[PDB]
Amino acid sequence: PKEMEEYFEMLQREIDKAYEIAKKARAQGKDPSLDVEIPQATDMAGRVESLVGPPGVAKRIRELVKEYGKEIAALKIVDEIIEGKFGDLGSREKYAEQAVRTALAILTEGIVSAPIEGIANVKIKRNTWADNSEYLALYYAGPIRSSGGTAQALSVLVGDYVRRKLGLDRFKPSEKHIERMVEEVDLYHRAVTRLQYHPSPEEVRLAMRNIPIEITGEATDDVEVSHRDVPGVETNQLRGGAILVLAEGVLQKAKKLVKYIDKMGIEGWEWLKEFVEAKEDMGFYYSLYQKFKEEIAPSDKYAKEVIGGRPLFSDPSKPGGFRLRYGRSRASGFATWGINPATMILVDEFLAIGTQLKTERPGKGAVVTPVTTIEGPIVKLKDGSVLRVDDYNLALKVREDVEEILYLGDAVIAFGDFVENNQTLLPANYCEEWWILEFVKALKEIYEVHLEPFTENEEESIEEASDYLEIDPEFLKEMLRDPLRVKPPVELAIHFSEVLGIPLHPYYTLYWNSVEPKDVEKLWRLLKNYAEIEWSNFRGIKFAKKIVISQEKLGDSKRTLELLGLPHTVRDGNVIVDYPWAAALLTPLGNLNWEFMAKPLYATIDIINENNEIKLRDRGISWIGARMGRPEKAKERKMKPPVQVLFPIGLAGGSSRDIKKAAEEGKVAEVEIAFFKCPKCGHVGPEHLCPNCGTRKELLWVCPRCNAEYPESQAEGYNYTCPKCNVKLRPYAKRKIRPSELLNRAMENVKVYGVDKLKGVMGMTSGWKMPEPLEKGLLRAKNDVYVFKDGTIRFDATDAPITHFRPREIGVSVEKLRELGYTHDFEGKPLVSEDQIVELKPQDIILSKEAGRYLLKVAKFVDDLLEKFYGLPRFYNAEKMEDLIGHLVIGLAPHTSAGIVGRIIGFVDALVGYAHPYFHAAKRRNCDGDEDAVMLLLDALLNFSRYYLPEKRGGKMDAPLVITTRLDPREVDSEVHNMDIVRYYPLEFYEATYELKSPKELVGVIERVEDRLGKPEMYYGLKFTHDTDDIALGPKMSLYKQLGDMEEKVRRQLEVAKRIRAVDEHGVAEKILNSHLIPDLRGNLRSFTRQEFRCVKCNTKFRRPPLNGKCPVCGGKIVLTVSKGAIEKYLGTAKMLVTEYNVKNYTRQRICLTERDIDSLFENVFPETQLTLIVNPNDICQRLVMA
Amino acid sequence: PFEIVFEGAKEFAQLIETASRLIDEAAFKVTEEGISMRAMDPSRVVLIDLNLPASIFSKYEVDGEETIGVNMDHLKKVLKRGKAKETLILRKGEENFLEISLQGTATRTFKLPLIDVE
Amino acid sequence: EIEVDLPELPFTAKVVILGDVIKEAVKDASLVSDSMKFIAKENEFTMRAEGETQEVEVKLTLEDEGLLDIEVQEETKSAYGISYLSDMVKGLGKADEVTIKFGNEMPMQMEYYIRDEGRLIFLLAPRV
DNA sequence: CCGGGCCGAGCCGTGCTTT
DNA sequence: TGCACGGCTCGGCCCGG
Ligand SMILES: [Mg+2]
Ligand SMILES: [Zn+2]
Ligand SMILES: [Zn+2]
Ligand SMILES: [Zn+2]
């Protein structure tokens, strides 16, 4: 209501404070422009008006959006521009281009760069071959490959709408057009990329023959088609940008596209809609398992390929894998999973905070976060004992003795992930958050006492309930407050189940349905005959306290105890089950009072419930599969060769483009650069201020034909065209520069003399070829920071979500938080302690410590710049990373042209960037493996310029052309609108899971972010289900990053697979790996006999080596492009995999023939001349042949 | 628990460095007579055998017999840290750690963890 | 020009040694570990370097030739980086006396004379 | 004590189943 | 788009003659 307004006012105040200094510095004339080059917006209309224009459209956009919506407003704006009420523009194509750009900016919220980069040109073409009638064609460049399916589809749709409104005929191709398009699709798939999608030829034919526009563009790849010289096309190469929009755009997003069309009320696409429509007795648990297998079938698409070094953590839907839990933690929910740190530790630290893994059920991909309120693995030690490693320290302690991982642990997956991907709900395993609801309901129904979990209750109700149940009121309050951490003792749980009539507490339930009733029958017989047990009493309830049975008598039933997840120990040839876990096993079996007998068409829990008086629920029925990929990252950003100043040097600096070295040797460099001329005296050089008089200079325009030089004032009168010729001038020309004088002047200017290296660029890629001042480069070199293409310093890190935090996790005092603005905790009580949970504001971020270490250097560089180059007071004044708290940054995604402002409040000790889910959505990012940048606001304000951007096509991608100062959840994204914000899932959800419903049938029972849109409470109150002790607890670096060799990687991965019981290494892992080494072996062997030799001095490539033996027209030797060692680098690991594991004979023979083929090719060039002292190095090929 | 004293650590370093060029890991057999070693390189083309009876050693003290294995690179570096006129001392206790000390102008002791080799 | 000067500090322990021993000790510590620890007691000066797994121990006594004298006000120990120590101790002569002063978690001071009248001083900060 | 030899670093290159 | 091989150059150490 008012706290949000105060927050946004403070943000604007700080932004103004930085902008004033940036404006003051830039007005001295030491930079390409006399003002800052990053305007600030406030909403979608401002971003659209800035990025594409035309001027004044912001008001119309706002009013139309408030009246109708978004799509209707976009189309009405299209019509308004077409009628031409914003000023005369010119030809028809100009009107069409402007309308399509503005509309596609309006529909995508004006963040992605598709309107500016993807669309290269719109033109009108005539159907010359058949009718000669007009039609519209859209030229698509390379950067359209990044926009997204929705962006491509909406571009196609808006082009179709504009061409319909322009009175143009439908596009009408020939048959050769269709054939060429099919061949292009096939060539792109088999030579460039898999496209993550592959429509059938008939589907593509339908689309191409039904698409009313020409989807074309310039060439992008070096491949030529066979259907050459097709009319109407000015190229015979692969036009990737033209086919991507067809494949992954309209075709791959048919449902969303048709929904959009229906919303817009435009017809003519009924064929696409039709295409989408065409695309469209026994025991209780026995039946439930059957139905579950029938409806939700296992999926395998995630494990179709395993790379070397990236382990597989579970087989598809195999018991013993990841136990599904429904919930959302403090720092998970957007697309991430919650994992216990003990499971991270006990898999050899292959999993670390922020590591991506390719999942199976809900989506494809997620990021792992530590949750300490769920369960960890159950392991079997080397002496035969079973343990429950639910703790981080215990996992660290017992890691060496582990022999098998009986169970892997839980995974917390949000309900909003199932709604997004449209996945049928899998049955829910029994847990504490379900038991507590059943407990409360039964208490109310039997005694008429009202209580609520996860909150605070009235004292009178607590006293009544405690008196009825005869327990401590304080214990009742504690258990109702945190049911996930406080559990009753086993005898008390049995007493509750006796009195109220509810299943046994899920903590003392074993995995009964993981064994067959016959095994339990055998075990019952053994326990009844040869076991010694000690009994107890509690309120008239008898329970076991200890079981001792000899190992020889127990026999092969010890595996049943291990598969039930029962902790025991072995001592002196006996197996002992101790206090909490003797009743866990003997109470369900009736304390050996009724015999256990197997039945057909029944499960273990069914028999237990049919015969016993205390009921049980299936503790584990749903499992998930996952696999490792893409370790985390919190590293900086550098160019391919690192750069520190945007100054051209050529080859005068060497391979490393060292400007200082070139300056020292008195060399002279010739490069294309822009010169400026002082109006008063006549100094000429690559500078913006004249050293003699210190007055701003003017750019020199040069005629390419006669080399006449014209100042900026003169060229304006001539319209930038030479008088003596009729050709356009240029702002630059090839010129000679002496690095020594310039570097000495810069050194004298900033008083920085000790810099040893100063890297530059070979040549400038912009169309102005303006250089950057050398003083900035010297200061950057001194402070050890690097520059980016647009003149900014950036830091890249993986992103994770967070909505609530503890002051102790991020190392910030309560007084500092109160100064920043935080006053309460997420329950309304005042903030007085560092153990309380405080809700995060939408635009506050939590950096890592690597980010802090780098941004300290960046802050020092900015302070030095302000003090030395500009002569202004310093700004940050920081000595440690915690002096940056309260300072602003800019977040930017690599595929967008707009940024958003954020504030620093603390640091963690992981390799991820934590932030609100709204913050990541505002950048159009999904939070399941994506990486984004951050930069200090003042650095970008001072340094960023629009004259340094490459001119190729996508020089404007990944650049802050505009920044957003406020956050609006209504226009950030659409995947974050499905997140759930309830404190706990209701009982109805749990009961409906057993019916295998779909999430859409119960979308109104669980509150999501969508339900609150529009109302003031979309920044105010959001909640979570699962708590966490620490948000950065667990391993911080993946073990994959410290393995050197490929053989070592494969060995460690295979050992991990051996340990886990639900992976089945022995042949599946090795076969799927061999189908990653065999392709390399065979491809390199084939490519060796048809290679292309190259010259080591030049880069010219010859089909076959010169007869002389040395490069003619050069003074260098001839080298290979496919060395001999490139073929056989993975042969040792392949032979190890074939000889150590159980693979099919086909693969073994393939490897054994590959070795012979490698040996036989080089028989006449590398004869086997060296004899050996000993033979038989455990070869498998020779043994196979001999057998 | 043994106490072996060798004069001229430089010669010992040279001998071990020469031995280590072809191979990577080896097991030293120590008995009441001396120290013996033998191994074959990974390419199965060279076999190196070395022995050092107690006569050469200035002081020898061994009870029984044991085999001690250690990486050749780390041992080579530690020996290279020795000087021309120092006296090398190889000593070990019950704990399975190899303690190397060089006693010249000053006494410096390094610890080198053990390794088991087939 | 930037003016900086540090006042006299209370140095509990003070030991003077020769350049060669410190040079070799720093080299060994760099060989095993990344940091060094200076521990001195009554008539005993030792300097350790604990690696990830390995260990280095160098100890000396006034009765040894390495040291020239010792005076320890009380028990002392500290740690310092190895990079700066290697940079500054490098180039030391064999027959050169070096005076080292340090205490508990406070910067160490090393100094030696040039031609009996000149002097070069270093002030190495501690770790942690 | 001056000079070769040897060994990282750091740039430019290739290549990653296909009757 | 990350990995694995193979041509230079290019200084900082060393060690012996
Ligand atoms: Mg994503
Ligand atoms: Zn001038
Ligand atoms: Zn001209
Ligand atoms: Zn050539």
# chains A, B, ... in the order shown; residues from 1 in each chain; ligands from 1
call {"tool": "residues_near_ligand", "arguments": {"ligand": "ligand 1", "cutoff": "10 Å", "atoms": "only C-alpha atoms (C1' of nucleotides) and all ligand atoms", "output": "MDAnalysis selection string"}}
result
chainID A and resid 335 364:366 924:931
call {"tool": "residues_near_ligand", "arguments": {"ligand": "ligand 4", "cutoff": "7 Å", "atoms": "only C-alpha atoms (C1' of nucleotides) and all ligand atoms", "output": "PDB file with N, CA, C and O atoms, in the first residue's frame"}}
result
ATOM      1  N   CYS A1095      48.482 -24.131 -44.640  1.00  0.00           N
ATOM      2  CA  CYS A1095      49.782 -23.507 -44.440  1.00  0.00           C
ATOM      3  C   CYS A1095      49.847 -22.855 -43.065  1.00  0.00           C
ATOM      4  O   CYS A1095      48.915 -22.169 -42.643  1.00  0.00           O
ATOM      5  N   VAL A1096      50.963 -23.068 -42.371  1.00  0.00           N
ATOM      6  CA  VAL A1096      51.084 -22.609 -40.991  1.00  0.00           C
ATOM      7  C   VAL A1096      51.374 -21.114 -40.885  1.00  0.00           C
ATOM      8  O   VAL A1096      51.203 -20.537 -39.802  1.00  0.00           O
ATOM      9  N   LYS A1097      51.804 -20.471 -41.969  1.00  0.00           N
ATOM     10  CA  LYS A1097      52.059 -19.034 -41.952  1.00  0.00           C
ATOM     11  C   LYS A1097      50.826 -18.240 -42.370  1.00  0.00           C
ATOM     12  O   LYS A1097      50.337 -17.401 -41.609  1.00  0.00           O
ATOM     13  N   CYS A1098      50.316 -18.490 -43.571  1.00  0.00           N
ATOM     14  CA  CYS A1098      49.013 -17.984 -43.979  1.00  0.00           C
ATOM     15  C   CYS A1098      47.939 -18.896 -43.393  1.00  0.00           C
ATOM     16  O   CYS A1098      48.195 -19.695 -42.489  1.00  0.00           O
ATOM     17  N   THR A1100      45.708 -20.346 -45.866  1.00  0.00           N
ATOM     18  CA  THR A1100      45.186 -20.926 -47.095  1.00  0.00           C
ATOM     19  C   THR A1100      45.247 -22.446 -47.020  1.00  0.00           C
ATOM     20  O   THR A1100      46.237 -23.021 -46.559  1.00  0.00           O
ATOM     21  N   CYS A1111      54.866 -24.853 -48.804  1.00  0.00           N
ATOM     22  CA  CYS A1111      53.838 -23.967 -49.332  1.00  0.00           C
ATOM     23  C   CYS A1111      54.404 -23.049 -50.408  1.00  0.00           C
ATOM     24  O   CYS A1111      55.226 -22.176 -50.100  1.00  0.00           O
ATOM     25  N   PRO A1112      54.007 -23.203 -51.672  1.00  0.00           N
ATOM     26  CA  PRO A1112      54.366 -22.189 -52.667  1.00  0.00           C
ATOM     27  C   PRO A1112      53.649 -20.883 -52.367  1.00  0.00           C
ATOM     28  O   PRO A1112      52.553 -20.880 -51.810  1.00  0.00           O
ATOM     29  N   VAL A1113      54.293 -19.772 -52.726  1.00  0.00           N
ATOM     30  CA  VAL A1113      53.801 -18.415 -52.488  1.00  0.00           C
ATOM     31  C   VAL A1113      53.841 -18.118 -50.993  1.00  0.00           C
ATOM     32  O   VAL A1113      53.155 -17.210 -50.510  1.00  0.00           O
ATOM     33  N   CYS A1114      54.629 -18.891 -50.249  1.00  0.00           N
ATOM     34  CA  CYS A1114      54.756 -18.695 -48.812  1.00  0.00           C
ATOM     35  C   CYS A1114      56.083 -19.274 -48.352  1.00  0.00           C
ATOM     36  O   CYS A1114      56.733 -20.036 -49.073  1.00  0.00           O
ATOM     37  N   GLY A1115      56.475 -18.902 -47.135  1.00  0.00           N
ATOM     38  CA  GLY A1115      57.712 -19.381 -46.546  1.00  0.00           C
ATOM     39  C   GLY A1115      57.486 -20.233 -45.313  1.00  0.00           C
ATOM     40  O   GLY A1115      58.228 -20.123 -44.332  1.00  0.00           O
ATOM     41  N   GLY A1116      56.461 -21.086 -45.349  1.00  0.00           N
ATOM     42  CA  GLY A1116      56.133 -21.922 -44.217  1.00  0.00           C
ATOM     43  C   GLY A1116      55.854 -23.347 -44.651  1.00  0.00           C
ATOM     44  O   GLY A1116      55.631 -23.634 -45.827  1.00  0.00           O
TER      45      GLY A1116
END
call {"tool": "residues_around", "arguments": {"residues": "residue D:15", "least_positions_apart": "5", "cutoff": "8 Å", "atoms": "only C-alpha atoms (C1' of nucleotides)", "output": "PyMOL selection string"}}
result
chain A and resi 1084+1121-1122+1126
call {"tool": "select_by_dssp", "arguments": {"residues": "chain C", "states": "strand (DSSP E or B)", "output": "mmCIF file with N, CA and C atoms, in the first residue's frame"}}
result
data_model
loop_
_atom_site.group_PDB
_atom_site.id
_atom_site.type_symbol
_atom_site.label_atom_id
_atom_site.label_comp_id
_atom_site.auth_asym_id
_atom_site.auth_seq_id
_atom_site.Cartn_x
_atom_site.Cartn_y
_atom_site.Cartn_z
ATOM 1 N N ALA C 13 58.731 -10.585 20.401
ATOM 2 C CA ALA C 13 59.816 -11.485 20.030
ATOM 3 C C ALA C 13 60.674 -10.842 18.951
ATOM 4 N N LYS C 14 61.989 -11.019 19.061
ATOM 5 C CA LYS C 14 62.942 -10.443 18.119
ATOM 6 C C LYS C 14 64.076 -11.433 17.916
ATOM 7 N N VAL C 15 64.338 -11.794 16.662
ATOM 8 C CA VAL C 15 65.363 -12.776 16.325
ATOM 9 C C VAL C 15 66.137 -12.283 15.112
ATOM 10 N N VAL C 16 67.454 -12.474 15.135
ATOM 11 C CA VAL C 16 68.329 -12.126 14.021
ATOM 12 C C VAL C 16 68.969 -13.403 13.499
ATOM 13 N N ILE C 17 68.880 -13.614 12.187
ATOM 14 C CA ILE C 17 69.334 -14.831 11.534
ATOM 15 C C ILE C 17 70.133 -14.449 10.292
ATOM 16 N N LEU C 18 70.542 -15.463 9.534
ATOM 17 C CA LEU C 18 71.257 -15.270 8.282
ATOM 18 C C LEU C 18 70.306 -15.447 7.105
ATOM 19 N N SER C 35 51.283 -20.712 2.667
ATOM 20 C CA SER C 35 51.476 -19.729 3.725
ATOM 21 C C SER C 35 52.446 -20.311 4.737
ATOM 22 N N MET C 36 53.055 -19.430 5.519
ATOM 23 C CA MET C 36 54.038 -19.796 6.523
ATOM 24 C C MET C 36 53.574 -19.328 7.892
ATOM 25 N N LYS C 37 54.078 -19.988 8.930
ATOM 26 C CA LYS C 37 53.784 -19.631 10.312
ATOM 27 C C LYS C 37 55.083 -19.464 11.082
ATOM 28 N N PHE C 38 55.223 -18.322 11.747
ATOM 29 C CA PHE C 38 56.420 -17.982 12.509
ATOM 30 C C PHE C 38 56.120 -18.176 13.989
ATOM 31 N N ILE C 39 56.732 -19.193 14.593
ATOM 32 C CA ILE C 39 56.551 -19.505 16.006
ATOM 33 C C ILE C 39 57.910 -19.445 16.687
ATOM 34 N N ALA C 40 57.984 -18.712 17.796
ATOM 35 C CA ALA C 40 59.223 -18.550 18.540
ATOM 36 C C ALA C 40 58.944 -18.684 20.027
ATOM 37 N N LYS C 41 59.823 -19.404 20.723
ATOM 38 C CA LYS C 41 59.727 -19.557 22.169
ATOM 39 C C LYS C 41 61.079 -19.274 22.807
ATOM 40 N N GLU C 44 64.417 -20.633 21.191
ATOM 41 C CA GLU C 44 64.000 -21.572 20.158
ATOM 42 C C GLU C 44 63.175 -20.824 19.123
ATOM 43 N N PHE C 45 63.570 -20.932 17.856
ATOM 44 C CA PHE C 45 62.848 -20.320 16.748
ATOM 45 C C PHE C 45 62.524 -21.399 15.727
ATOM 46 N N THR C 46 61.239 -21.552 15.417
ATOM 47 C CA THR C 46 60.783 -22.552 14.464
ATOM 48 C C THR C 46 59.820 -21.902 13.489
ATOM 49 N N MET C 47 59.747 -22.462 12.285
ATOM 50 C CA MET C 47 58.900 -21.938 11.225
ATOM 51 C C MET C 47 58.324 -23.103 10.438
ATOM 52 N N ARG C 48 57.000 -23.182 10.397
ATOM 53 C CA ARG C 48 56.285 -24.319 9.845
ATOM 54 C C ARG C 48 55.566 -23.914 8.569
ATOM 55 N N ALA C 49 55.141 -24.924 7.812
ATOM 56 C CA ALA C 49 54.338 -24.704 6.612
ATOM 57 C C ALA C 49 53.513 -25.966 6.390
ATOM 58 N N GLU C 50 52.242 -25.908 6.768
ATOM 59 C CA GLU C 50 51.338 -27.044 6.657
ATOM 60 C C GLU C 50 50.592 -26.960 5.331
ATOM 61 N N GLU C 55 53.686 -31.745 5.205
ATOM 62 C CA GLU C 55 54.090 -30.965 6.364
ATOM 63 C C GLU C 55 55.568 -30.623 6.247
ATOM 64 N N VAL C 56 55.921 -29.413 6.669
ATOM 65 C CA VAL C 56 57.305 -28.959 6.724
ATOM 66 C C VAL C 56 57.548 -28.360 8.099
ATOM 67 N N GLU C 57 58.676 -28.714 8.707
ATOM 68 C CA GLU C 57 59.022 -28.209 10.032
ATOM 69 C C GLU C 57 60.497 -27.848 10.046
ATOM 70 N N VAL C 58 60.797 -26.585 10.330
ATOM 71 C CA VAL C 58 62.165 -26.108 10.493
ATOM 72 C C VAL C 58 62.262 -25.458 11.864
ATOM 73 N N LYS C 59 63.192 -25.935 12.687
ATOM 74 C CA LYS C 59 63.394 -25.388 14.021
ATOM 75 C C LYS C 59 64.876 -25.134 14.255
ATOM 76 N N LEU C 60 65.159 -24.117 15.066
ATOM 77 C CA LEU C 60 66.522 -23.695 15.344
ATOM 78 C C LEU C 60 66.626 -23.234 16.789
ATOM 79 N N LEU C 67 70.969 -19.076 14.031
ATOM 80 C CA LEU C 67 70.544 -17.923 14.809
ATOM 81 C C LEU C 67 71.742 -17.254 15.469
ATOM 82 N N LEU C 68 71.605 -15.954 15.723
ATOM 83 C CA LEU C 68 72.618 -15.197 16.447
ATOM 84 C C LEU C 68 72.197 -14.845 17.866
ATOM 85 N N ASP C 69 70.912 -14.592 18.099
ATOM 86 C CA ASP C 69 70.403 -14.381 19.448
ATOM 87 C C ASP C 69 68.883 -14.357 19.395
ATOM 88 N N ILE C 70 68.267 -14.467 20.567
ATOM 89 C CA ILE C 70 66.813 -14.435 20.686
ATOM 90 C C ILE C 70 66.453 -13.786 22.014
ATOM 91 N N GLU C 71 65.345 -13.049 22.018
ATOM 92 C CA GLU C 71 64.783 -12.506 23.250
ATOM 93 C C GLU C 71 63.272 -12.465 23.080
ATOM 94 N N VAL C 72 62.569 -13.347 23.784
ATOM 95 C CA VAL C 72 61.128 -13.509 23.643
ATOM 96 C C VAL C 72 60.465 -13.000 24.914
ATOM 97 N N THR C 76 54.695 -16.314 21.228
ATOM 98 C CA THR C 76 54.328 -15.586 20.023
ATOM 99 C C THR C 76 54.128 -16.558 18.868
ATOM 100 N N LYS C 77 53.244 -16.183 17.945
ATOM 101 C CA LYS C 77 53.008 -16.960 16.737
ATOM 102 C C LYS C 77 52.122 -16.155 15.798
ATOM 103 N N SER C 78 52.322 -16.343 14.496
ATOM 104 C CA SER C 78 51.552 -15.636 13.479
ATOM 105 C C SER C 78 51.775 -16.331 12.142
ATOM 106 N N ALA C 79 51.037 -15.876 11.129
ATOM 107 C CA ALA C 79 51.139 -16.407 9.777
ATOM 108 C C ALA C 79 51.220 -15.264 8.778
ATOM 109 N N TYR C 80 51.870 -15.524 7.645
ATOM 110 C CA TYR C 80 52.023 -14.540 6.582
ATOM 111 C C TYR C 80 51.975 -15.248 5.236
ATOM 112 N N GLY C 81 51.695 -14.475 4.190
ATOM 113 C CA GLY C 81 51.689 -15.028 2.854
ATOM 114 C C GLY C 81 53.074 -15.460 2.412
ATOM 115 N N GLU C 97 73.169 -10.650 7.907
ATOM 116 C CA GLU C 97 72.355 -10.748 9.111
ATOM 117 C C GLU C 97 71.043 -10.014 8.887
ATOM 118 N N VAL C 98 69.938 -10.670 9.227
ATOM 119 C CA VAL C 98 68.598 -10.132 9.039
ATOM 120 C C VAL C 98 67.904 -10.123 10.391
ATOM 121 N N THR C 99 67.366 -8.970 10.776
ATOM 122 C CA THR C 99 66.671 -8.813 12.046
ATOM 123 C C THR C 99 65.170 -8.871 11.797
ATOM 124 N N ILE C 100 64.486 -9.769 12.500
ATOM 125 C CA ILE C 100 63.055 -9.986 12.333
ATOM 126 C C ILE C 100 62.373 -9.713 13.665
ATOM 127 N N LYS C 101 61.305 -8.922 13.625
ATOM 128 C CA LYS C 101 60.507 -8.599 14.798
ATOM 129 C C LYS C 101 59.049 -8.888 14.481
ATOM 130 N N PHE C 102 58.359 -9.560 15.395
ATOM 131 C CA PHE C 102 56.957 -9.889 15.188
ATOM 132 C C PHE C 102 56.334 -10.253 16.529
ATOM 133 N N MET C 108 54.840 -8.245 10.702
ATOM 134 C CA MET C 108 56.240 -8.557 10.933
ATOM 135 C C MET C 108 57.117 -7.496 10.284
ATOM 136 N N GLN C 109 58.251 -7.217 10.919
ATOM 137 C CA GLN C 109 59.199 -6.223 10.433
ATOM 138 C C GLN C 109 60.544 -6.894 10.202
ATOM 139 N N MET C 110 61.058 -6.781 8.981
ATOM 140 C CA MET C 110 62.348 -7.336 8.604
ATOM 141 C C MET C 110 63.229 -6.217 8.069
ATOM 142 N N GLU C 111 64.510 -6.250 8.424
ATOM 143 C CA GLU C 111 65.413 -5.165 8.080
ATOM 144 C C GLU C 111 66.846 -5.669 8.089
ATOM 145 N N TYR C 112 67.669 -5.096 7.213
ATOM 146 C CA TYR C 112 69.087 -5.422 7.190
ATOM 147 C C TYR C 112 69.856 -4.226 6.650
ATOM 148 N N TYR C 113 71.130 -4.157 7.011
ATOM 149 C CA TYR C 113 71.936 -2.963 6.815
ATOM 150 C C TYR C 113 72.743 -3.037 5.526
ATOM 151 N N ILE C 114 72.981 -1.863 4.946
ATOM 152 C CA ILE C 114 73.758 -1.716 3.722
ATOM 153 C C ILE C 114 74.992 -0.904 4.085
ATOM 154 N N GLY C 118 73.516 2.232 5.742
ATOM 155 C CA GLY C 118 72.234 2.171 5.075
ATOM 156 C C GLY C 118 71.307 1.186 5.755
ATOM 157 N N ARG C 119 70.062 1.145 5.287
ATOM 158 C CA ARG C 119 69.089 0.244 5.883
ATOM 159 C C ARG C 119 67.881 0.116 4.968
ATOM 160 N N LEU C 120 67.363 -1.103 4.860
ATOM 161 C CA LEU C 120 66.147 -1.389 4.111
ATOM 162 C C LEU C 120 65.193 -2.136 5.029
ATOM 163 N N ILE C 121 63.945 -1.677 5.097
ATOM 164 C CA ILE C 121 62.953 -2.214 6.020
ATOM 165 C C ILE C 121 61.727 -2.651 5.236
ATOM 166 N N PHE C 122 61.128 -3.760 5.661
ATOM 167 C CA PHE C 122 59.848 -4.225 5.151
ATOM 168 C C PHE C 122 58.859 -4.323 6.305
ATOM 169 N N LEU C 123 57.571 -4.205 5.986
ATOM 170 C CA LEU C 123 56.495 -4.322 6.973
ATOM 171 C C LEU C 123 55.403 -5.195 6.366
ATOM 172 N N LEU C 124 55.480 -6.497 6.621
ATOM 173 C CA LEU C 124 54.543 -7.453 6.054
ATOM 174 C C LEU C 124 53.334 -7.600 6.968
#
call {"tool": "residues_near_ligand", "arguments": {"ligand": "ligand 3", "cutoff": "9 Å", "atoms": "only C-alpha atoms (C1' of nucleotides) and all ligand atoms", "output": "ChimeraX atom specification"}}
result
/A:702-708,721-729
call {"tool": "write_last_selection", "arguments": {"atoms": "N, CA and C atoms", "output": "CSV table (one decimal), in the first residue's frame"}}
result
chain,number,residue,atom,x,y,z
A,702,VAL,N,35.6,12.0,-44.9
A,702,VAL,CA,36.5,11.9,-46.0
A,702,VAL,C,35.9,11.2,-47.2
A,703,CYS,N,36.1,11.7,-48.4
A,703,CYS,CA,35.6,11.1,-49.6
A,703,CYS,C,36.4,9.9,-50.0
A,704,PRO,N,35.9,8.7,-50.2
A,704,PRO,CA,36.7,7.6,-50.5
A,704,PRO,C,37.4,7.7,-51.8
A,705,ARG,N,36.8,8.5,-52.8
A,705,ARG,CA,37.4,8.5,-54.1
A,705,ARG,C,38.5,9.5,-54.3
A,706,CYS,N,38.4,10.7,-53.8
A,706,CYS,CA,39.5,11.7,-53.9
A,706,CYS,C,40.1,12.1,-52.6
A,707,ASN,N,39.7,11.5,-51.5
A,707,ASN,CA,40.4,11.7,-50.2
A,707,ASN,C,40.3,13.2,-49.7
A,708,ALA,N,39.3,13.9,-50.1
A,708,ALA,CA,39.1,15.3,-49.6
A,708,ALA,C,38.5,15.2,-48.2
A,721,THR,N,28.0,14.4,-49.0
A,721,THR,CA,28.3,13.9,-50.3
A,721,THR,C,29.4,14.9,-50.9
A,722,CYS,N,30.4,14.3,-51.5
A,722,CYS,CA,31.5,15.1,-52.1
A,722,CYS,C,31.0,16.0,-53.2
A,723,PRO,N,31.5,17.2,-53.3
A,723,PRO,CA,31.1,18.1,-54.4
A,723,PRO,C,31.8,17.7,-55.7
A,724,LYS,N,33.1,17.4,-55.6
A,724,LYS,CA,33.9,17.0,-56.8
A,724,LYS,C,33.5,15.6,-57.3
A,725,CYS,N,32.7,14.8,-56.5
A,725,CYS,CA,32.3,13.5,-57.0
A,725,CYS,C,30.8,13.4,-56.6
A,726,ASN,N,30.2,12.3,-56.7
A,726,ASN,CA,28.8,12.1,-56.4
A,726,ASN,C,28.7,10.8,-55.5
A,727,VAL,N,29.5,10.7,-54.5
A,727,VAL,CA,29.6,9.5,-53.7
A,727,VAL,C,29.5,10.0,-52.2
A,728,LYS,N,29.0,9.1,-51.4
A,728,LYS,CA,28.8,9.4,-50.0
A,728,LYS,C,30.2,9.5,-49.3
A,729,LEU,N,30.3,10.4,-48.3
A,729,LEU,CA,31.5,10.5,-47.5
A,729,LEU,C,31.5,9.4,-46.5
